[PDB]
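Taking the form deposited in one PDB entry, here's one chain by itself in structure tokens.
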């Protein structure tokens, strides 16, 4: 019923790393780094792998900060997105043909050019809160309804 995905936010005290996808799902939007979890792979190992494939960074310590389930009306698979944060990385972000990374100051996060759910849960992420969320989309631009709550354990 649901498919596992990861999303990694490289969040430092003054800035956050986002990437703009060149093509495919999410193209033309800034987002964190992530993707499908593979067979026999833990969710955390999948998050570390996707961070490297999409941004070129090697994460040292990762922390779980959220779980968000996405429903797209007319699509059978729910997306079960496990959200992680890190401030401890190695490397320089790599621009590839697939992905353009950019650092953003925290007061200049480009919410108008991000998925619309981000405006709801990034405020929690920036205050070091953990969360569970659900968003029902119709198409890629419209949130029909949602739930979002802070939690002590993800």
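Positions refer to the first chain, counted from 1.
- Relative to its counterpart among 46-54 and 83-91, 83-91 has the higher mean temperature factor, C-alpha atoms as listed in the PDB entry.
- Of the two stretches examined, 124-132 and 25-33, the record assigns the greater average C-alpha temperature factor to 25-33.
- For residue 61, the recorded CA temperature factor ranks within the highest third of the chain's modelled residues.
- Sorting the modelled residues of the chain by their CA temperature factor places residue 114 in the middle third.
Omitted here: the form solved in complex with a small molecule. The next part is about that form.
- Contact here is defined as any heavy atom lying within 4.5 Å of the small molecule in the bound PDB entry, and by that definition each of 5, 81 and 118 is a contact residue.
- You can rule out all but one of 25-33, 100-108, 58-66, 87-95: in the bound PDB entry, only 25-33 has residues with a heavy atom within 4.5 Å of the small molecule.
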